[PDB]
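These notes concern the structure reproduced below.
2 protein chains.
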Amino acid sequence: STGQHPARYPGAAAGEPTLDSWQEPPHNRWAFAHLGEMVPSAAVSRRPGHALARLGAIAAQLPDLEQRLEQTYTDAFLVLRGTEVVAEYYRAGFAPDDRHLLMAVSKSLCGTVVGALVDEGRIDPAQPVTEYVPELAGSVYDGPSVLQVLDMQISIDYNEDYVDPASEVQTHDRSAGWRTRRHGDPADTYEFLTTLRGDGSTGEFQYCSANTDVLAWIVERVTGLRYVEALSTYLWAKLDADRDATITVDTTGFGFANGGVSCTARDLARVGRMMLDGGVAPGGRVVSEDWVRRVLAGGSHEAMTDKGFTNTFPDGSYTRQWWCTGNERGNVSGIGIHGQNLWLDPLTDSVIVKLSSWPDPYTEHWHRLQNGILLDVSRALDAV
Amino acid sequence: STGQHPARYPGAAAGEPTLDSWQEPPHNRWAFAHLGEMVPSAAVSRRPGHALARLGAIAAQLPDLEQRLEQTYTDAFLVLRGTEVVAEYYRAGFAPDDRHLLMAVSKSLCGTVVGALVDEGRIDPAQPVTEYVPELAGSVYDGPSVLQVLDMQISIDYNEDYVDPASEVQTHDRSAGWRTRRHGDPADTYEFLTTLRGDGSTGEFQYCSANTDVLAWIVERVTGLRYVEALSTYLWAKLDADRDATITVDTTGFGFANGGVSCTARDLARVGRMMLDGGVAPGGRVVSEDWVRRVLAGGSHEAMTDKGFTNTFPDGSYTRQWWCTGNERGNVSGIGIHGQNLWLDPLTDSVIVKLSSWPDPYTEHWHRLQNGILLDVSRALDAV
Ligand SMILES: NCCCCCC(=O)NCCCCCC(=O)O
Ligand SMILES: NCCCCCC(=O)NCCCCCC(=O)O
Numbered sequence: 005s006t007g008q009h010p011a012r013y014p015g016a017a018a019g020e021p022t023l024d025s026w027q028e029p030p031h032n033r034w035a036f037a038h039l040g041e042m043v044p045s046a047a048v049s050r051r052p057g058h059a060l061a062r063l064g065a066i067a068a069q070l071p072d073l074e075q076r077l078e079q080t081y082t083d084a085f086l087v088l089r090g091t092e093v094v095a096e097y098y099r100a101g102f103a104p105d106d107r108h109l110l111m112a113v114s115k116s117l118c119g120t121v122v123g124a125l126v127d128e129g130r131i132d133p134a135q136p137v138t139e140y141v142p143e144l145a146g147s148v149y150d151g152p153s154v155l156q157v158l159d160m161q162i163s164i165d166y167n168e169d170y171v172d173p174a175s176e177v178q179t180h181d182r183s184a185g186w187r188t189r190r191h192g193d194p195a196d197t198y199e200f201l202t203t204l205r206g207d208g209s210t211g212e213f214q215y216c217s218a219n220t221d222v223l224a225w226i227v228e229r230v231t232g233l234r235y236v237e238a239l240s241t242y243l244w245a246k247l248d249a250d251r252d253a254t255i256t257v258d259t260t261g262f263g264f265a266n267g268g269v270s271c272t273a274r275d276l277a278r279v280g281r282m283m284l285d286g287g288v289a290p291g292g293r294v295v296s297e298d299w300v301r302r303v304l305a306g307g308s309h310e311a312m313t314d315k316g317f318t319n320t321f322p323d324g325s326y327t328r329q330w331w332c333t334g335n336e337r338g339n340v341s342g343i344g345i346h347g348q349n350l351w352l353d354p355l356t357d358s359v360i361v362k363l364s365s366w367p368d369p370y371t372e373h374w375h376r377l378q379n380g381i382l383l384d385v386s387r388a389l390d391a392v
Numbered sequence: 005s006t007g008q009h010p011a012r013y014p015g016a017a018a019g020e021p022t023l024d025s026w027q028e029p030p031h032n033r034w035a036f037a038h039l040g041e042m043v044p045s046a047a048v049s050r051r052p057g058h059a060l061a062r063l064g065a066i067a068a069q070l071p072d073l074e075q076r077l078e079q080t081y082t083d084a085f086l087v088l089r090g091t092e093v094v095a096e097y098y099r100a101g102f103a104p105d106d107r108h109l110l111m112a113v114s115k116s117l118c119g120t121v122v123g124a125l126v127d128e129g130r131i132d133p134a135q136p137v138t139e140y141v142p143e144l145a146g147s148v149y150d151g152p153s154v155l156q157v158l159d160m161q162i163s164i165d166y167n168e169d170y171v172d173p174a175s176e177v178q179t180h181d182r183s184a185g186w187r188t189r190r191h192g193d194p195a196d197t198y199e200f201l202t203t204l205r206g207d208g209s210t211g212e213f214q215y216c217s218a219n220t221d222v223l224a225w226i227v228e229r230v231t232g233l234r235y236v237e238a239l240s241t242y243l244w245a246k247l248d249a250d251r252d253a254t255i256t257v258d259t260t261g262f263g264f265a266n267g268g269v270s271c272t273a274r275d276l277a278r279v280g281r282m283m284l285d286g287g288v289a290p291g292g293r294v295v296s297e298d299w300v301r302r303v304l305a306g307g308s309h310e311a312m313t314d315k316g317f318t319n320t321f322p323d324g325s326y327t328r329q330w331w332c333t334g335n336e337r338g339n340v341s342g343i344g345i346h347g348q349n350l351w352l353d354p355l356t357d358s359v360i361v362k363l364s365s366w367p368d369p370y371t372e373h374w375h376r377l378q379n380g381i382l383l384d385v386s387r388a389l390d391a392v
């Protein structure tokens, strides 16, 4: 048993509706207005073939930039300097206002929602996860603090290998509806989380996508809101975004917080703009100045033992669902597999969004190229 | 084997991607921009509780209208007289720009796409279905003409009972992803259609949702477009709609043409406006004047033996995916279960959209109430 969860609609029974019940009352009043939450669905365009390249000023300093974007399978690229869009690129077949899957850049959005609730005093990071989700007793999340979840500092038997069919990541995907269920699989994400185990140690960085879904579960328990609604109320609805974002949901309606958000490049940049504005957005304060400052400051360097990340960023770290380079520019980034970045360059007051589709989830090859582009673009924004 | 189908994206292999392959190249470039087509997904609102009632002029003639709308579980109601919205109602919790499932009003949209292709000379209604879909040989659709599909005049062993778990409608739903698959179920909608049988007779009306999906299959074979794209290119993109529509898709990406479209009430009214404008929309001609005239003229009365429909509309009929009342006003309507109507009142140059969620799919009770409202509203628009 995973305890109380936010109803899909007001008054809904646990787990209702399902794929087999949404046409029945009382579910159908909700389902007929939200069918994409139940059944895969395609857009029928209201609008009746070539890449759009407006790389602007930075083009002079980076003449081959468009080629480098093509080489890294770039779908959308946008640079916001201050409040101004100063460079844009969209591949052939991808419109400026099309949405793109964020993968684990989604985690940085979830951390932001958690931060908002910390500012309200509804979450204390020092408290154990079980203070908010008692049902995680007996799991690897029995003992660790919420901050250790936020900082990915829990040792977990979870193989985060995105191409291994035997890995826990694929079981995670199957539990959440990203892959086809196997017999005996957990029924939903909450159940999957309760199955996770570890040796009990904490304090060393281990990237684990399950951690973010635990954060989303905590958000639900503290607010009583579906994570989908909490993500809107505490973040998205304050951005003055052009479009709604979307998030994949599992069979209970639980949003896939660790990887399942999609949005436009321009709208994602608004999240970066909020961070560089000390936590304030057009619709109000999203998180405290202190929270933003702690993100920019980084996590414990000694906890960060990931050789791949530190080979590129020796003084790098991770905190509050953000990767921190610890480089001379103080760059921090949300990062997702296949080449998604929400990259912050505080020195130039700039945000870089890059949304891509590398053939591979993550290799040193793509990592080197991607970071080379983001760093070069950042430096191109420097006063000369 | 069901033959050639439009690829989900340019160059895609048959049936690709699946739920298990969309993260792999080359599929992921497409999937990351269209994930809602693969995995159920929720909107994260960019906007930060009471019914909106603007029933306007007709309120004086129908003082109790709002109550009657509540009694029939109305979610959205809109009256367009000429080019002007003259009355609107939206229930608490449903915004004016929210989309709503159309159920079989979707069929009237599909018929419109077929009509466009007839005008282009790419479909001849007199030709057998097998002229366009040879793979339907050996099925109940081997022999009948395309027009007989359009007019629902084929005898089929298909129990269109929406609450019977043993009915062909539920098998249809399971094949298309509206319900959970059972072992041994057809893999997709195309396969399901090939399993249908009948005694071979034609000429009498039998409402069968499978007919519309055969029409959509024909559309795909003649255009080479996914039905989702054909619905946009030939109809939706010419309407100057406020929002995209959506349509549920099965595991091959085939749109559920018989029932799966969702859109806003105001945008649906644009379809009615196009019909009353002789087939022309803001973005160009959608169908010929002749096609519209034949819809308004009705089908063969003698074919219409459905006692429920004819008890209300004695001179009623059905043609080209529209229900024709044959009443003194010449009303014609798209109709969907649980209370969806795209209702045309040519006398007053008006369109009535009513989108609802009756607890039951279809009963004489709801039928009587729904039609009573539409007729009363139509008459309230008359010159006095
Ligand atoms: N299957 C659910 C998980 C989907 C999100 C995974 C993801 O995007 N992970 C990002 C890993 C970034 C690693 C950065 C680095 O090592 O340098
Ligand atoms: N399960 C797929 C079918 C969903 C659409 C069915 C539908 O909306 N049918 C409309 C029936 C209208 C009957 C009108 C009458 O008999 O008066």
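These protein sequence lines are chains A and A', in that order. A prime marks a further copy of an entry chain.
With the authors' numbering applied, the first sequence corresponds to residues 5 to 52, 57 to 392, in that order.
With the authors' numbering applied, the second sequence corresponds to residues 5 to 52, 57 to 392, in that order.
Using N, Cα and C, we set each Cβ at its ideal position, and we do this for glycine too.
On the three-state DSSP scale, how would you describe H9/A?
Three-state DSSP puts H9/A in coil, outside helix and strand.
Hey, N335/A' and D353/A' are a contact pair by Cβ (cut 8 angstroms); roughly how many whole angstroms apart?
Between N335/A' and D353/A' a beta carbon distance of about 10 angstroms is seen, past the 8 angstroms cut, so the two are scored as non-contacting.
With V303/A' and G286/A' assumed to form a contact (beta carbons below 8 angstroms), what rounded beta-carbon distance in angstroms separates them?
Actually they do not touch by this definition, with Cβ atoms about 11 angstroms apart.
Three-way DSSP call (helix, strand, coil) for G123/A in this model:
Note: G123/A maps to helix in three-state DSSP.
Taking the beta carbon of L60/A as the centre, do at least 16 other beta carbons fall within 10 Å, making it buried, or is it exposed?
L60/A should be labelled exposed.
In chain A', which residues lie with their C-beta within 9 angstroms of the C-beta of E41/A?
Within chain A', the residues near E41/A are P44, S45, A46 and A47.
Residue(s) in a DSSP beta bridge with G344/A:
The partner list for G344/A (beta bridge, DSSP) reads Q348/A.
Looking at the C-beta of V257/A', does it have a partner C-beta in chain A at a distance below 8 angstroms?
With 8 angstroms as the cut-off, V257/A' counts as an interface residue toward chain A.
For the beta strand (DSSP E) that contains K315/A', what are its first and last residues?
Where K315/A' is concerned, there is no enclosing beta strand (DSSP E), although the alpha helix (DSSP H) it sits in stretches over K315 to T320.
Against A224/A', what residues of chain A qualify as contacts under a CB-to-CB distance less than 8 angstroms, listed in chain order?
Within chain A, no C-beta atom comes nearer than 8 angstroms to that of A224/A'; the closest sits roughly 13 angstroms away.
Cβ neighbour criterion (16 or more within 10 Å) applied to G263/A
Residue burial is scored here from C-beta neighbours: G263/A has at least 16 other C-beta atoms within 10 angstroms and is therefore classed as buried.
Return the Cβ separation of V227/A' and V294/A' in integer angstroms, given the expectation that the two are a contact with Cβ distance under 8 angstroms.
The Cβ separation is near 14 angstroms, so there is no contact.
Could you name the residues of chain A that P29/A' contacts, counting a contact when the two beta carbons are closer than 7 angstroms?
In chain order: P367.
Are the C-beta of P52/A' and some C-beta of chain A separated by less than 8 angstroms?
Yes, its Cβ sits closer than 8 angstroms to a Cβ of chain A.
Interface flag, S240/A vs chain A', CB-CB below 8 angstroms
Cβ-Cβ to chain A' under 8 angstroms: yes for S240/A.
Enumerate in chain order the residues of its own chain whose CB-to-CB distance from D248/A is below 8 angstroms, with the five nearest sequence positions on each side excluded.
Non-local beta-carbon contacts of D248/A in its own chain, meaning distances under 8 angstroms to residues more than five positions away in sequence, involve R278, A289, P290 and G291 in chain order.
How should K362/A be labelled, buried or exposed, when 16 other C-beta atoms within 10 angstroms of its C-beta is the threshold for buried?
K362/A comes out buried.
Is it buried or exposed, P44/A', if we count other Cβ atoms within 10 angstroms and call 16 or more buried?
Classification of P44/A': buried, given that the 10 Å Cβ count is 16 or more.
Inspect the CB distances between the region 191–208 of chain A and the region 249–262 of chain A and report whether three or more fall short of 8 angstroms.
With the cut-off at 8 angstroms, the region 191–208 of chain A and the region 249–262 of chain A touch.
Taking C-beta to C-beta, are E143/A and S5/A nearer than 8 angstroms?
For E143/A and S5/A, yes; Cβs fall inside 8 angstroms.
Suppose the cutoff is 8 angstroms on Cβ atoms and the five residues either side in sequence are ignored; what does the same chain contact list for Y149/A' look like?
A distance below 8 angstroms between beta-carbons, with the five flanking residues on each side excluded, links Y149/A' to the following residues of its chain, in chain order: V137, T138, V141, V157, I162, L201, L204 and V222.
Check the C-beta distance from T220/A over to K115/A and give it rounded, since I have them as a contact under 8 angstroms.
Between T220/A and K115/A a beta carbon distance of about 5 angstroms is seen, short of the 8 angstroms cut, so the two are scored as contacting.
Going along chain A in order, which residues have a C-beta closer than 7 angstroms to the C-beta of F102/A'?
Here the neighbours are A37.
Under 9 angstroms from the C-beta of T254/A: neighbouring residues of chain A':
Identification of chain A' residues near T254/A by a Cβ-Cβ cut-off of 9 angstroms yields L39, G40, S45, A46, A47 and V48, ordered along the chain.
Specify whether the region 343–352 of chain A and the region 365–382 of chain A touch according to this definition: at least 3 beta carbon pairs, one from each stretch, less than 8 angstroms apart.
Contact holds between the region 343–352 of chain A and the region 365–382 of chain A, because three or more Cβ pairs, one in each stretch, are under 8 angstroms apart.
Relative to the alpha-carbon of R130/A', which residue among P367/A', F102/A' and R229/A' has its alpha-carbon at the smallest distance?
The candidate whose alpha carbon is nearest that of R130/A' is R229/A'.
CA-CA distance, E74/A and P21/A'?
Their Cα atoms are separated by approximately 29 angstroms.
Flag this pair as touching only if the region 364–373 of chain A and the region 70–88 of chain A have three or more C-beta atom pairs under 8 angstroms; answer yes or no.
The region 364–373 of chain A vs the region 70–88 of chain A: in contact.
Any beta carbon of chain A' sitting closer than 8 angstroms to that of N32/A?
Output row for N32/A: interface = yes.
Determine whether the Cβ of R251/A lies closer than 8 angstroms to any Cβ atom of chain A'.
For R251/A, the answer is yes, since a Cβ of chain A' falls inside 8 angstroms of its Cβ.
In whole angstroms, give me the CA-to-CA distance for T120/A' and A224/A'.
Those two C-alpha atoms are separated by around 11 angstroms.
In whole angstroms, what separates the C-alpha of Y215/A' from that of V126/A?
Rounded to the nearest angstrom, the gap between the Cα atoms of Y215/A' and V126/A is 58 angstroms.
How about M42/A': is its Cβ closer than 7 angstroms to a heavy atom in ligand 3?
Ligand 3 is not part of this structure, which contains only ligand 1 and ligand 2.
Residues of the region 270–287 of chain A with Cβ closer than 9 angstroms to any Cβ of chain A', in chain order
Residues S270, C271 and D275.
I'd like to know whether the C-beta of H108/A is nearer than 8 angstroms to at least one C-beta of chain A'.
It does; some Cβ of chain A' falls within 8 angstroms.
Taking 8 angstroms as the CB-CB cut-off, is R293/A touching chain A'?
Answer no: the Cβ-Cβ gap between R293/A and chain A' never drops below 8 angstroms.
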